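When we count neighbours, we look across all protein chains shown, and the Cβ atoms used for this are built from the backbone with ideal geometry, even at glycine. Derivation of every value follows stated rules applied to the coordinates shown; laboratory data play no part.
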Amino acid sequence: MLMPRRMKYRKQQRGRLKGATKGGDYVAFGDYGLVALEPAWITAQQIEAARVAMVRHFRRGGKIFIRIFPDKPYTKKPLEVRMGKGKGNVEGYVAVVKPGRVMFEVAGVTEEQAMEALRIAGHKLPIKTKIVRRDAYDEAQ
Amino acid sequence: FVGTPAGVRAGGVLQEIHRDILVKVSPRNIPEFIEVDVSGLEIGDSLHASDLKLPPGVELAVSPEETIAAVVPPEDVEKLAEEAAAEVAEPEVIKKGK
Amino acid sequence: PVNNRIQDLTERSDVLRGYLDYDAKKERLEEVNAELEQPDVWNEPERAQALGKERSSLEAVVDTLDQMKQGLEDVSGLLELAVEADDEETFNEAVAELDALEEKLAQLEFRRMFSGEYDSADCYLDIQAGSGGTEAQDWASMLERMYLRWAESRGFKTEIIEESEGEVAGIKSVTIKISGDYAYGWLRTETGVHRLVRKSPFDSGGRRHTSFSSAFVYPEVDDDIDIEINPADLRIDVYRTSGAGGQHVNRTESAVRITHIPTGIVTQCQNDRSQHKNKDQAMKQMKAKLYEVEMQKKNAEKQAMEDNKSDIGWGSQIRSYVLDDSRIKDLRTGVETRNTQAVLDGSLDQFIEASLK
RNA sequence: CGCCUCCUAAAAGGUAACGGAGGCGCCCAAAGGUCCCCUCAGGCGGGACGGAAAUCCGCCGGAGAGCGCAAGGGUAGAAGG
RNA sequence: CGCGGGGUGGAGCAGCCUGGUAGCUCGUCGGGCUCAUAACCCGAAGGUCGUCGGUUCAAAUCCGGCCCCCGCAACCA
RNA sequence: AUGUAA
Ligand SMILES: [Mg+2]
Ligand SMILES: [Mg+2]
Ligand SMILES: [Mg+2]
Ligand SMILES: [Mg+2]
Ligand SMILES: [Mg+2]
Ligand SMILES: [Mg+2]
Ligand SMILES: [Mg+2]
Ligand SMILES: [Mg+2]
Ligand SMILES: [Mg+2]
Ligand SMILES: [Mg+2]
Ligand SMILES: [Mg+2]
Ligand SMILES: [Mg+2]
Ligand SMILES: [Mg+2]
Ligand SMILES: [Mg+2]
Ligand SMILES: [Mg+2]
Ligand SMILES: [Mg+2]
Ligand SMILES: [Mg+2]
Ligand SMILES: [Mg+2]
Ligand SMILES: [Mg+2]
Ligand SMILES: [Mg+2]
Ligand SMILES: [Mg+2]
Ligand SMILES: [Mg+2]
Ligand SMILES: [Mg+2]
Ligand SMILES: [Mg+2]
Ligand SMILES: [Mg+2]
């Protein structure tokens, strides 16, 4: 699954999940979108589970767009160690997501399919989500 | 986008890069559409703003290189197994210092 | 030459009616049609399967050899009606529907190749010396090079995997990778001990001398190394360590035991003070015990090969290449070609195709 | 375990953790002073040996080169040659 | 992520620390001696230096990350 | 040093 091919630094401070999305809040490619309703770190394994969920549903046809990327390394100390002795090892990669982010989009598919595919994908995600459709408002952005 | 693309019949999906186009024009002259013949597009093919036939009195305000449509391959479950067994080379950290 | 390319279709169909028993299938197909006609045949729909698809399995045999004996007779009158009239369309129309019956016949001849699950795997060929001595290690080398020229003809890959050249002169063992299409199907009917009778160049007083060698053929299955183990059938037990340690060994369940439910294999650990530094070990050792057992299945299968092949010895031939009176009898079937030094060059088609029955 | 650079450090300074990353224990008799002159990296085109890259020619170029070595700041209206 | 030692032609090993040449033994290929083989003699071929990322004009060699490998350590309750 | 097996 998804992870940066290379990076300047191995490990990152944790930071914060304050505020609405910086950007990425309007439909930009497909006809329908799955938008994040709550702040979270989305794991690469979640993204892929959401991805595979849609393509399994569409079965053949349609196109999925993934608008989030896991570039944030995740750290965990080896189990049953004590505090101290430095920062834990990189165990995976996550995407920071805030309320209003359009995470996925689909196109080339019927409304019924897009609603259904995006619903299941949401069930693979650790946050509440919303299915949306392309608007004058989006195109106007 | 007028026409049903040949690519779509062969299993593809028409990705509409621009759903509108930027143009210089007079208010007395505001068009409702610009038709585009997409029926010629196969899977892997694209249209640009150069293939846009402009109605009279309407002037392109973007580069003719600006691409406006494409017919792309569809999603395929048959591809999923390959995706899962795809092994990744671990991320490279760019060398700092000496 | 076209009236000779229908004569080869007459020979290929008679050999197809001989081994397939044209009479024991024209008769068996008639008893299936007598049971399925009754509407009261769907009483146990399991039985109707093995007869309705068997009737289609005998109508792909009996009815195909009926449309080959009649279809070729209608071509023996269509090629002489275009010659005595200078009609050049009646002669393009008596070969088009002649090369389609040559595919109906070639397809039904793949009842010889479709008899072995997976008969296209890039098989290997193992020739071993034995019997005869130095004479047979020479004989094993001649039999080695013969199969190489065989694969050179029909279009395969000849990558020698493992050799062992003989002490004096010759070859003790060879392993060849016959990478190709239908590769195992062709060389499958070579598994046996080939017998050589001739004047040995190694015998002091140049006597007539018998030497044997074997060729064993298996298809290609892959690595099949490690097998996945989910914790849904593992049952990890926890308890307190035993022996020295002090208080922190009396009130601590630091020892683990991982019992695999389907296999029945148990394994414990108690080395380190941590329950999971021990559970790490117990997964490790547990992987090891399953790797042993899944190995013991295959080594048991290996001995099944050893114990069912055998033995590069005297009363154990399948073919006898005797170079002192120019014959090669394949005492299995059995052809009697007199071109000894042409078979040693690789003309085994004479044997392979005839011995796939 | 002392010293230097960046971040953590919350737009002055300062600010901890067995927090995230690197370097120093030298070197230069010129790699110093002062006058005078010069301007790079890279890309495109052309060109004997000759190449992705030797030197040459042309055009494009505000600095992304260079400044002995880590990093940062600085810098061609030189601190670089 | 315990400390420290390694991975180089087919096999076993040198060459690293002081950066620009990869060398030794066996094996292997060709030719000899022999009726024939071994031994012996003459001649030859042969190596991404475990990888991924670059430092330097230049890395088997210097510096990190990962992968296996050998040794030590894992104590007081 | 060695040379099986009619
Ligand atoms: Mg935006
Ligand atoms: Mg989490
Ligand atoms: Mg810590
Ligand atoms: Mg959800
Ligand atoms: Mg924008
Ligand atoms: Mg042997
Ligand atoms: Mg003689
Ligand atoms: Mg004690
Ligand atoms: Mg306790
Ligand atoms: Mg002090
Ligand atoms: Mg900074
Ligand atoms: Mg400050
Ligand atoms: Mg303070
Ligand atoms: Mg240091
Ligand atoms: Mg000096
Ligand atoms: Mg200086
Ligand atoms: Mg001076
Ligand atoms: Mg040039
Ligand atoms: Mg050049
Ligand atoms: Mg040049
Ligand atoms: Mg600079
Ligand atoms: Mg070198
Ligand atoms: Mg020799
Ligand atoms: Mg390394
Ligand atoms: Mg002996």
Nearest 10 degrees, 0 to 90: what angle lies between the long axis of helix A:111-123 and the longest principal axis of chain A (Cα atoms)? 20 degrees
For C:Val256, which sequence-distant residues (separation of 5 or more, or a different chain) have an amide H within less than 5 Å of its own amide H, given hydrogens modelled in the peptide plane? C:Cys269
Can you tell me the orientation of helix A:44-58 relative to chain A, as the angle in degrees between its alpha-carbon axis and the longest Cα principal axis, to the nearest 10? 20 degrees
Gap separating the Cα centres of the stretch C:117-150 and the stretch C:189-248, nearest whole Å: 19 Å
Checked the protein assembly as shown with the C-alpha gyration tensor, a ≥ b ≥ c its square-rooted eigenvalues, rounded below a/c of 1.5, otherwise prolate if a/b is larger than b/c and oblate if not; verdict oblate
Have a look at B:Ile30, B:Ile43, B:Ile17 and tell me which one the Gaussian network model of chain B (Cα, springs below 10 Å) gives the largest fluctuation. B:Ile30
0 to 90° range, to nearest 10: angle between helix C:45-58 axis and chain C longest Cα axis: 40 degrees
Where in chain C is the longest stretch that carries no chymotrypsin sites (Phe, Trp or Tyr not before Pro) classed as loop by DSSP and with at most 12 other Cβ atoms within 10 Å? C:119-313
In order over the stretch C:341-357: 3J(HN,Hα) from phi, Karplus 6.51/-1.76/1.60, θ = phi - 60°, whole Hz, x for each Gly or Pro, gives 6, 8, 6, 5, 8, x, 7, 6, 3, 3, 9, 3, 4, 6, 10, 9, 10
Near the amide H of C:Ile171, under 5 Å away, which other amide H atoms are found, from residues 5 or more places off or on another chain, if H is placed in the peptide plane? C:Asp138, C:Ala140, C:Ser141, C:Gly166
Do you know the relative contact order of chain A, to the nearest whole percent, from alpha carbon pairs under 8 angstrom that are 6+ apart? 41 percent
I'd like the Karplus ³J(HN,Hα) series for the stretch C:161-176: coefficients 6.51, -1.76, 1.60, θ = phi - 60°, whole numbers in Hz, and an x wherever there's a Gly or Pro. 8, 9, 10, 8, 5, x, 4, 6, 6, x, 10, 7, 8, 8, 10, 10
Please list the non-local residues whose amide H lies under 5 Å from the amide H of C:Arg195, H modeled 1.01 Å from N, same-chain partners needing a gap of 5 or more. C:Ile318, C:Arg319, C:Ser320, C:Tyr321
Go through the stretch C:86-98 residue by residue and turn each phi into a ³J(HN,Hα) via Karplus (6.51, -1.76, 1.60, θ = phi - 60°); whole Hz please, and just put x for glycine and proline. 6, 7, 8, 8, 4, 9, 6, 9, 9, 10, 4, 7, 9
Between the stretch C:1-63 and the stretch A:120-137, what's the alpha-carbon centroid distance in Å? 60 Å
Between A:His123 and C:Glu301, what FRET efficiency comes out of the Förster formula 1/(1 + (r/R0)^6) with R0 = 41 Å and r the beta carbon distance, rounded to 0.05? 0.35
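Once you keep just the Cα pairs under 8 angstrom separated by 6 or more residues, what percentage relative contact order results for the stretch C:314-357?
27 percent
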Count, for each residue of B:6-14, the Cβ atoms from other chains sitting within 10 Å of its Cβ, then give me the mean as a whole number. 2
Over chain C, calculate the relative contact order: mean separation of alpha carbon pairs under 8 Å at least 6 apart, over the residue count, as a percent. 14 percent
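So which GluC sites (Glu not before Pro) in chain B end up in coil per DSSP with only 14 or fewer other C-beta atoms within 10 Å?
Qualifying residues, ordered by number: B:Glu32, B:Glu35, B:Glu42, B:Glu65, B:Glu87.
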What does the charge add up to near C:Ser211, with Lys and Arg as +1, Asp and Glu as -1, over the other residues with Cβ less than 10 Å from its Cβ? 0
Per 0.36 nm of contour for each residue apart, how much would the distance between B:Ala89 and B:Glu65 grow if the chain were fully extended, relative to their Cα-Cα spacing? 5.1 nm
For chain C, what is the charge dipole size about the Cα centre, in debye to the nearest 20, if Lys and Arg each add +1 at the Cβ and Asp and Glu each add -1 at the Cβ? 3080 debye
How much mean residue ellipticity at 222 nm does chain C get from its helices, if each DSSP H run of length 4 or more adds -39500 (n - 2.57) and you divide by all residues, to the nearest 500 deg cm²/dmol? -10500 deg cm²/dmol
